[PDB]
Amino acid sequence: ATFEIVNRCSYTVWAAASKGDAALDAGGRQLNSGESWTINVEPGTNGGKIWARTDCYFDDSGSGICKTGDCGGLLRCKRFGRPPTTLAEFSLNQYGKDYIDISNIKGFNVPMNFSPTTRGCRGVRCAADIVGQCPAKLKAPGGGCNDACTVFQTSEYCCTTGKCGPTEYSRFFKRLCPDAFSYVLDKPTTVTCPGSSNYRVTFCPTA
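In mature numbering (1 follows the signal peptide of the UniProt record, and there is no 0), the protein residues as written are 1 to 207.
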């Protein structure tokens, strides 16, 4: 499957793509404002994610740091990134269909749109100014808006036992972005797409 990753933000981002225990394609790349990077994701990838990283430095070997979304200091991510990270999430070719969503369960850093480029389903978007409106207690000094699990580490926010409800913090994310997951047991906003669809992830879609 092809994923065209497009940075419409006015600032550089370092895109990242991983399924948690391995990179997808090269795993990451710099995207200046306006640039597009198309990756190939293997059919059947389950639990893949794409995100943006901000305020990064990398040396000639590809090792460094990012203020949001850092994946063990690598340009080419092999693992998931450090919150806060807006997440484009996907599982492909699961019994004939693909499944996509956007999630704020690990916080928000950069607005995004995640849409098919082929026929048969809708896209999803979380493009409100979550960082600007973030509750004071969730603001990440390094940048972005943390989720409550990251900040407070309680069973209620982290849904540790598989039982939890919405919270004042989850409702903030859900108010700003109804079409993204706001906590683990949120009413699902996952879209079913034809199996083997192709996609575009756009950072800062309204920019």
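Heads up, the beta-carbon is just placed ideally off N, CA and C, and yes, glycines get one too.
Residue i versus residue j - alpha carbon distance
| i | j | result |
| --- | --- | --- |
| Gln133 | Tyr169 | 12 Å |
| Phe152 | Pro135 | 14 Å |
| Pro116 | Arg200 | 6 Å |
| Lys163 | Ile105 | 15 Å |
| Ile130 | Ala1 | 30 Å |
| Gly142 | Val41 | 30 Å |
| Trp37 | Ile5 | 5 Å |
| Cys56 | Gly73 | 9 Å |
| residue 208 | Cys66 | Not covered by the structure: residue 208. The range shown for the chain is 1 to 207. |
| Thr154 | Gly64 | 31 Å |
| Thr68 | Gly165 | 27 Å |
| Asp60 | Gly120 | 43 Å |
| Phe3 | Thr161 | 34 Å |
Neighbourhood of residue i by C-beta distance below 7 Å, restricted to the same chain and skipping five residues each side
| i | result |
| --- | --- |
| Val13 | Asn7, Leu31, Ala52, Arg53, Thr54, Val110, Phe203 |
| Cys158 | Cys149 |
| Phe80 | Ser18, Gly20, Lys49, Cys71 |
| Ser33 | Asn7, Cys9, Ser10, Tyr11, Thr12 |
| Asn93 | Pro43, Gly44, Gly195, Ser196 |
| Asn113 | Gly123, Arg125, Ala127, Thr202, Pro205 |
| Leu24 | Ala17, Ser18, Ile39, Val41, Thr45, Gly48 |
| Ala207 | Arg8, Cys9, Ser10 |
| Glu35 | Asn7 |
Own chain residues within Cβ distance below 6 Å of residue i, not counting five before or after
| i | result |
| --- | --- |
| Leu75 | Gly28, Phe58, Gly62 |
| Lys174 | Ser182 |
Three-state secondary structure assigned by DSSP to residue i
| i | result |
| --- | --- |
| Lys174 | helix |
| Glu4 | strand |
| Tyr95 | coil |
| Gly132 | helix |
| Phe152 | helix |
| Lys49 | strand |
| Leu75 | coil |
| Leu185 | coil |
Expected contact under 8 Å - CB spacing of residue i and residue j to nearest Å
| i | j | result |
| --- | --- | --- |
| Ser103 | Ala16 | The Cβ separation is near 15 Å, so there is no contact. |
| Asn198 | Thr118 | 5 Å |
| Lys78 | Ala22 | 6 Å |
Cβ-based neighbour list, residue i, same chain, cut-off 8 Å, excluding 5 preceding and 5 following
| i | result |
| --- | --- |
| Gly107 | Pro83, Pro84, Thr85, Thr86, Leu138, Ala140, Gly144, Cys145, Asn146, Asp147, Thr150 |
| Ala128 | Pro111, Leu176, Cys177 |
| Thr167 | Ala148, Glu156, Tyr157, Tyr183 |
Three or more C-beta pairs below 8 Å linking the region 111-129 and the region 77-93: Verdict: yes, contact present.
The region 183-194 in contact with the region 98-117 per 3-pair CB rule at 8 Å: yes
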